[PDB]
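# Structural characterization, general
Chain by chain, the residues run as shown.
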Amino acid sequence: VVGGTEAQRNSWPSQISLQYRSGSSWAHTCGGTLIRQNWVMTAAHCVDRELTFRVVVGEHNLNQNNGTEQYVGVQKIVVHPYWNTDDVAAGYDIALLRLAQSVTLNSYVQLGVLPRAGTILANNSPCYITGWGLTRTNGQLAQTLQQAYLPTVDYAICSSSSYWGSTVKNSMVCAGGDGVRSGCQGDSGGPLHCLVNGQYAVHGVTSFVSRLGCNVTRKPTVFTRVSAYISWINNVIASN
Ligand SMILES: *C(=O)c1cc(N)ccc1[C@@H](OC(C)=O)C(=O)OC
(Lines give C-alpha, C1' and ligand atoms only; values in the text may rest on other atoms or scores of the structure.)
Protein backbone atom coordinates (compact mmCIF):
# COMPACT_ATOMS: atom_id res chain seq x y z
CA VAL A 1 0.00 0.00 0.00
CA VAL A 2 1.29 3.33 -1.31
CA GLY A 3 0.41 6.36 0.76
CA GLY A 4 -1.14 4.44 3.59
CA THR A 5 -1.29 4.64 7.42
CA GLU A 6 -0.70 1.90 9.87
CA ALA A 7 -4.01 0.10 10.67
CA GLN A 8 -5.21 -0.45 14.26
CA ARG A 9 -4.69 -4.17 15.33
CA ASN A 10 -8.28 -5.04 15.33
CA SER A 11 -9.64 -2.91 12.50
CA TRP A 12 -9.59 -5.47 9.69
CA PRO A 13 -9.83 -8.94 11.21
CA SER A 14 -10.68 -10.77 7.95
CA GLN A 15 -7.28 -9.86 6.46
CA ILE A 16 -4.82 -12.70 6.00
CA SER A 17 -1.24 -12.98 4.98
CA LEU A 18 -0.61 -15.53 2.12
CA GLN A 19 2.87 -16.88 2.50
CA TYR A 20 5.13 -19.33 0.56
CA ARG A 21 8.03 -21.52 1.85
CA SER A 22 11.22 -19.83 0.79
CA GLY A 23 14.09 -22.17 1.55
CA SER A 24 13.82 -22.70 5.26
CA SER A 25 11.74 -19.53 5.86
CA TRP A 26 8.32 -18.11 4.93
CA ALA A 27 7.80 -14.97 2.92
CA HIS A 28 4.68 -12.88 2.46
CA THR A 29 3.35 -12.94 -1.11
CA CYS A 30 -0.31 -11.83 -1.11
CA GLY A 31 -3.20 -10.83 0.84
CA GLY A 32 -6.60 -12.55 1.13
CA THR A 33 -9.88 -12.52 3.07
CA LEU A 34 -11.05 -15.20 5.44
CA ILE A 35 -14.50 -16.05 4.22
CA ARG A 36 -15.14 -19.27 6.12
CA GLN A 37 -13.29 -20.69 9.21
CA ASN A 38 -11.70 -22.99 6.63
CA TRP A 39 -11.75 -20.96 3.37
CA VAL A 40 -9.81 -17.91 2.07
CA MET A 41 -10.56 -15.81 -0.98
CA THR A 42 -7.52 -14.39 -2.89
CA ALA A 43 -6.45 -13.78 -6.49
CA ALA A 44 -5.69 -16.61 -8.85
CA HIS A 45 -2.50 -14.74 -9.77
CA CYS A 46 -1.13 -15.36 -6.23
CA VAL A 47 -1.28 -19.11 -6.78
CA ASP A 48 0.10 -19.48 -10.32
CA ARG A 49 3.34 -20.88 -8.88
CA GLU A 50 3.40 -24.35 -7.53
CA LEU A 51 4.86 -23.46 -4.12
CA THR A 52 4.00 -24.51 -0.64
CA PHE A 53 1.60 -21.92 0.86
CA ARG A 54 0.43 -21.05 4.32
CA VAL A 55 -2.18 -18.77 5.77
CA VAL A 56 -1.60 -16.32 8.62
CA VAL A 57 -4.72 -15.08 10.46
CA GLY A 58 -4.50 -12.36 13.17
CA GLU A 59 -1.39 -10.93 11.64
CA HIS A 60 -0.44 -7.42 12.35
CA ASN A 61 3.48 -7.20 12.20
CA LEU A 62 5.03 -9.50 9.62
CA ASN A 63 8.36 -9.57 11.46
CA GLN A 64 7.25 -9.76 15.13
CA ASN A 65 5.19 -11.93 17.32
CA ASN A 66 1.87 -10.15 18.00
CA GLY A 67 0.65 -12.87 20.38
CA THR A 68 -2.52 -13.14 18.07
CA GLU A 69 -1.30 -15.31 15.05
CA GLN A 70 -2.69 -18.50 13.77
CA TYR A 71 -0.69 -20.42 11.12
CA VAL A 72 -2.66 -22.70 8.82
CA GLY A 73 -1.67 -24.92 5.83
CA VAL A 74 -3.38 -24.77 2.39
CA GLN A 75 -5.04 -28.08 1.62
CA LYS A 76 -6.67 -27.48 -1.77
CA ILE A 77 -6.49 -24.60 -4.18
CA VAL A 78 -9.42 -23.87 -6.61
CA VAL A 79 -8.78 -21.20 -9.18
CA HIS A 80 -11.48 -19.87 -11.41
CA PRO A 81 -11.75 -22.20 -14.49
CA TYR A 82 -11.52 -19.22 -16.95
CA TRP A 83 -8.40 -17.60 -15.30
CA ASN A 84 -5.57 -17.37 -17.65
CA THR A 85 -2.13 -16.42 -16.36
CA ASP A 86 -1.36 -14.62 -19.66
CA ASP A 87 -4.38 -12.42 -19.66
CA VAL A 88 -5.12 -10.60 -16.25
CA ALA A 89 -7.08 -8.05 -18.17
CA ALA A 90 -9.54 -10.78 -19.05
CA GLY A 91 -10.42 -11.01 -15.36
CA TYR A 92 -11.37 -14.08 -13.40
CA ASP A 93 -8.56 -13.21 -10.99
CA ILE A 94 -10.04 -15.18 -8.13
CA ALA A 95 -9.12 -18.21 -5.99
CA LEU A 96 -10.47 -20.06 -3.02
CA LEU A 97 -8.15 -21.78 -0.63
CA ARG A 98 -9.34 -24.53 1.54
CA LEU A 99 -7.33 -24.59 4.87
CA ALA A 100 -5.88 -27.75 6.48
CA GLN A 101 -7.72 -26.65 9.67
CA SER A 102 -10.51 -24.35 10.81
CA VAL A 103 -9.19 -21.22 12.61
CA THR A 104 -10.62 -19.95 15.90
CA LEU A 105 -12.63 -16.72 15.64
CA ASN A 106 -11.90 -13.88 18.15
CA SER A 107 -11.36 -10.08 17.92
CA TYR A 108 -8.39 -10.41 15.62
CA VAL A 109 -10.05 -13.15 13.54
CA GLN A 110 -13.48 -12.71 11.89
CA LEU A 111 -15.02 -13.54 8.60
CA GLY A 112 -15.22 -11.05 5.78
CA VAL A 113 -18.71 -10.00 4.82
CA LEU A 114 -19.40 -10.49 1.00
CA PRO A 115 -21.75 -8.24 -0.99
CA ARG A 116 -24.95 -9.38 -2.42
CA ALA A 117 -24.57 -10.87 -6.00
CA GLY A 118 -24.62 -8.16 -8.63
CA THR A 119 -24.02 -5.28 -6.30
CA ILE A 120 -22.33 -2.29 -8.00
CA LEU A 121 -21.22 0.74 -6.01
CA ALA A 122 -21.79 4.30 -6.81
CA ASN A 123 -18.92 6.43 -8.08
CA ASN A 124 -16.71 7.76 -5.35
CA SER A 125 -17.88 5.20 -2.80
CA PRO A 126 -15.97 5.15 0.55
CA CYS A 127 -13.56 2.21 0.51
CA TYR A 128 -10.31 1.15 2.14
CA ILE A 129 -7.43 -1.06 0.73
CA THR A 130 -5.45 -3.00 3.19
CA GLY A 131 -2.27 -4.94 3.01
CA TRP A 132 1.36 -5.58 3.52
CA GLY A 133 2.46 -4.75 -0.01
CA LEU A 134 5.11 -2.28 -1.21
CA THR A 135 5.01 1.21 0.22
CA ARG A 136 6.51 2.94 -2.81
CA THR A 137 6.79 1.71 -6.42
CA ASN A 138 9.89 -0.58 -6.53
CA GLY A 139 10.06 -0.10 -2.70
CA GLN A 140 9.82 -2.61 0.09
CA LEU A 141 6.96 -4.50 1.85
CA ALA A 142 5.44 -2.92 4.96
CA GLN A 143 6.10 -4.58 8.21
CA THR A 144 2.77 -3.60 9.78
CA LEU A 145 -0.72 -3.73 8.16
CA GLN A 146 -1.31 -0.61 6.24
CA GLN A 147 -4.63 0.97 5.07
CA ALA A 148 -5.40 3.58 2.44
CA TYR A 149 -8.64 5.41 1.71
CA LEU A 150 -9.41 4.53 -1.88
CA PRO A 151 -12.82 5.74 -3.27
CA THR A 152 -14.27 3.94 -6.15
CA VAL A 153 -14.26 5.02 -9.67
CA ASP A 154 -17.17 3.75 -11.64
CA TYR A 155 -16.86 1.65 -14.83
CA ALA A 156 -17.84 4.44 -17.23
CA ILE A 157 -15.02 6.61 -15.99
CA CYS A 158 -12.63 3.72 -15.39
CA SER A 159 -12.99 2.37 -18.91
CA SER A 160 -12.53 5.70 -20.53
CA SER A 161 -9.48 6.35 -22.52
CA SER A 162 -7.74 8.61 -20.11
CA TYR A 163 -8.16 5.86 -17.49
CA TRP A 164 -7.81 2.19 -18.19
CA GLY A 165 -9.77 2.00 -21.48
CA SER A 166 -10.66 -1.40 -22.51
CA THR A 167 -8.22 -3.04 -20.18
CA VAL A 168 -10.90 -2.88 -17.46
CA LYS A 169 -14.11 -5.03 -17.61
CA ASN A 170 -17.41 -4.69 -15.74
CA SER A 171 -16.30 -7.73 -13.76
CA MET A 172 -13.81 -5.45 -12.06
CA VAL A 173 -13.92 -2.60 -9.51
CA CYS A 174 -11.54 0.33 -9.83
CA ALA A 175 -10.64 2.44 -6.86
CA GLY A 176 -8.21 5.31 -6.16
CA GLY A 177 -6.11 6.85 -8.96
CA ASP A 178 -5.13 10.09 -7.17
CA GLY A 179 -1.38 9.71 -7.82
CA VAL A 180 -0.79 9.36 -4.10
CA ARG A 181 -2.47 6.27 -2.78
CA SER A 182 -2.64 2.79 -4.20
CA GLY A 183 -2.23 -0.85 -3.93
CA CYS A 184 1.20 -2.14 -4.92
CA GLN A 185 2.84 -5.52 -5.36
CA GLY A 186 2.33 -7.72 -2.29
CA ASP A 187 -1.27 -6.39 -1.83
CA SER A 188 -2.57 -8.67 -4.77
CA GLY A 189 -5.33 -10.87 -3.44
CA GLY A 190 -6.27 -8.62 -0.54
CA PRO A 191 -9.49 -6.84 0.23
CA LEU A 192 -11.10 -3.56 -0.87
CA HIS A 193 -13.45 -2.97 2.14
CA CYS A 194 -16.40 -0.71 1.35
CA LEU A 195 -18.96 0.89 3.59
CA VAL A 196 -22.48 -0.14 2.73
CA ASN A 197 -25.47 0.39 5.03
CA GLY A 198 -23.09 0.98 7.94
CA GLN A 199 -21.17 -2.28 7.48
CA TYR A 200 -17.77 -2.87 5.85
CA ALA A 201 -18.04 -5.51 3.08
CA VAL A 202 -15.28 -6.86 0.81
CA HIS A 203 -16.22 -5.78 -2.72
CA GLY A 204 -12.79 -6.14 -4.34
CA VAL A 205 -9.95 -8.73 -4.56
CA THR A 206 -6.74 -6.77 -5.48
CA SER A 207 -5.67 -7.65 -9.03
CA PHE A 208 -3.51 -5.15 -10.81
CA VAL A 209 -1.89 -1.75 -11.02
CA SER A 210 -0.07 -0.08 -13.90
CA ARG A 211 3.20 -1.33 -15.38
CA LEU A 212 4.20 2.31 -15.11
CA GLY A 213 3.99 2.27 -11.32
CA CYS A 214 1.70 1.63 -8.37
CA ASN A 215 0.50 5.18 -7.70
CA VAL A 216 -0.24 6.67 -11.06
CA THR A 217 -2.79 9.50 -11.57
CA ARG A 218 -5.78 8.14 -13.52
CA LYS A 219 -4.64 4.57 -13.12
CA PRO A 220 -6.77 3.33 -10.24
CA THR A 221 -5.96 0.09 -8.58
CA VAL A 222 -8.14 -2.69 -10.19
CA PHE A 223 -9.96 -5.31 -8.19
CA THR A 224 -11.89 -8.38 -9.13
CA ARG A 225 -15.45 -7.50 -8.43
CA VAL A 226 -16.55 -9.98 -5.70
CA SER A 227 -20.30 -9.38 -6.45
CA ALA A 228 -19.78 -10.94 -9.86
CA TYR A 229 -18.60 -14.18 -8.26
CA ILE A 230 -21.00 -15.00 -5.46
CA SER A 231 -22.64 -18.01 -7.28
CA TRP A 232 -19.22 -19.46 -8.10
CA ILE A 233 -17.96 -18.89 -4.56
CA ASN A 234 -20.95 -20.61 -3.03
CA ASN A 235 -20.82 -23.49 -5.59
CA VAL A 236 -17.19 -24.20 -4.63
CA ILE A 237 -17.76 -24.19 -1.04
CA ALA A 238 -20.89 -26.35 -0.97
CA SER A 239 -19.09 -29.03 -2.89
CA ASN A 240 -15.51 -28.92 -1.58
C1 LIG B 1 0.58 -8.96 -6.25
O2 LIG B 1 0.89 -9.22 -5.09
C3 LIG B 1 1.53 -8.80 -7.29
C4 LIG B 1 2.80 -9.24 -7.10
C5 LIG B 1 3.72 -9.23 -8.15
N6 LIG B 1 4.99 -9.63 -7.94
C7 LIG B 1 3.38 -8.72 -9.39
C8 LIG B 1 2.15 -8.21 -9.59
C9 LIG B 1 1.19 -8.25 -8.57
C10 LIG B 1 -0.10 -7.46 -8.82
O11 LIG B 1 -0.05 -6.19 -8.08
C12 LIG B 1 -1.14 -5.72 -7.44
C13 LIG B 1 -1.08 -4.31 -6.95
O14 LIG B 1 -2.23 -6.32 -7.39
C15 LIG B 1 -0.31 -7.16 -10.31
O16 LIG B 1 -0.19 -5.99 -10.70
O17 LIG B 1 -0.74 -8.14 -11.15
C18 LIG B 1 -0.94 -7.79 -12.56
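Method of structure determination, per the deposited record: X-ray crystallography was used for this entry, reaching 2.31 Å resolution.

## Some remarks on the site of the ligand
With respect to spatial proximity, the complete set of residues near the ligand consists of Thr29, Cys30, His45, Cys184, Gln185, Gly186, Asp187, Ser188, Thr206, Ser207, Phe208 and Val209. If the ligand stood free it would expose 430 Å²; the protein chains cover 74% of that surface. Contributions of two or more residues to the shell around the ligand are made by β3 (25–36) and β13 (199–208). A per-class count over the shell around the ligand returns 4 nonpolar, 7 polar and 1 charged. In this structure, the shell around the ligand is formed jointly by two domains, domain 1 (1–12 + 112–227) and domain 2 (13–111 + 228–240), each of which donates at least three residues.

## Observations regarding the packing of aromatic side chains
Under the definition given, this model contains 6 aromatic pairs. Each ring, one from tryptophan 12 and one from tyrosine 128, has its centre 5.7 Å from the other, and the planes form 35°; the classification is tilted. A residue pair is termed long-range when its members are at least 10 positions apart, and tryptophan 12 in the loop between β1 (5–6) and β2 (15–22) and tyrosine 128 in strand β8 (residues 127–131) qualify at 116 residues. Take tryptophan 12: its relative accessible area is 10%, and that puts it in the buried class. It is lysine 219 that lies over the ring of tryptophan 164; its NZ or CZ is 6.0 Å from the centre.

## Description of the domain arrangement of the chain
Entries for the chain in the domain assignment read domain 1 (1–12 + 112–227) and domain 2 (13–111 + 228–240). When each unit is reduced to the centre of its C-alpha atoms, the spacing between domain 1 and domain 2 is 18 Å. A buried area of about 2900 Å², summed over both sides, lies between domain 1 and domain 2, and 59% of it is on carbon and sulfur atoms. Inspection of the region where domain 1 meets domain 2 yields 0 salt bridges. Considering every element that reaches the side of domain 1 that touches domain 2, the biggest residue donor is β13, with 5 residues.

## Some details on the pairing of β2
Note: β2 against β3, 8 bridges, orientation antiparallel. Paired with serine 22 across the two strands is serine 25, which belongs to β3. Where β2 hands over to β3, the hairpin turn is made up of 2 residues, of which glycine 23 adopts a positive phi near 80°. Taken together, the 5 bridges between β2 and strand β5 (residues 53–57) define a ladder with antiparallel strand orientation. Each residue of the ladder has a partner; that of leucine 18, found in β5, is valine 55.

## Some points on the sheet that holds β1
Strands sit in the order β1-β9-β8-β12-β13-β14-β11-β10 across an open sheet of 8 strands; the sheet is antiparallel. Only two strands of the sheet have a single partner each, and these edge strands are β1 and β10 (152–153). When β13 meets strand β14 (residues 221–225), the two strands line up antiparallel, connected through 4 bridges. Pairing of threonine 206 across the sheet is with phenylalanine 223, part of β14.

## Let's talk about the state of the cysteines
Scanning the entire structure with this criterion turns up 4 disulfides. In this model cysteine 30 forms its disulfide with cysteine 46; the gap between the sulfur atoms is 2.0 Å. Taking the torsion about the sulfur-sulfur bond, which here is approximately -90°, the covalent link between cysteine 30 and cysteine 46 counts as left-handed. Residue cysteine 30 is found in strand β3, and its partner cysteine 46 is found in the loop between β4 (39–42) and β5; the two are separated by 16 residues along the sequence.

## Re the sheet that holds strand β6 (residues 70–79)
Pairing is antiparallel in the closed barrel, where 6 strands are placed in the order β2-β3-β4-β7-β6-β5. Strand-to-strand twist in this sheet, taken as the mean axis angle between neighbours without regard to direction, amounts to 45°. Strand direction decides the pairing type here: β6 and strand β7 (residues 95–99), joined by 5 bridges, are antiparallel. The residue bridging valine 79 from the neighbouring strand is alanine 95, located in β7.

How each quantity is defined
Residues numbered from 1 in each chain as written, not as in the entry; some residues may be left out. Heavy atoms only, no water. Near = heavy atom within 4 Å. Areas by Shrake-Rupley, 256 points an atom, 1.4 Å probe, with all protein chains shown as cover. Helix = DSSP H or I, 4+ residues; strand = E, 2+ residues; numbered from the N terminus. Nonpolar A, V, L, I, M, F, W, Y, C, P; charged D, E, K, R; others polar. Domains from an automatic or database assignment. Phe/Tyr/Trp six-rings, centres within 6.5 Å; stacked < 30°, edge-to-face > 60°. Buried < 20%, exposed > 50% of the residue type's maximum accessible area, 1.4 Å probe, protein only. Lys NZ or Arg CZ within 6 Å of the ring centre and 35° of its normal. Buried area = accessible area lost by both parts, 1.4 Å probe. Salt bridge = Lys/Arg side-chain N within 4 Å of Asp/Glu carboxyl O. Pairing = 2+ DSSP bridges. Disulfide = S-S within 2.5 Å. Axes fitted to C-alpha atoms, helices over the stretch in contact; angles between N-to-C directions.

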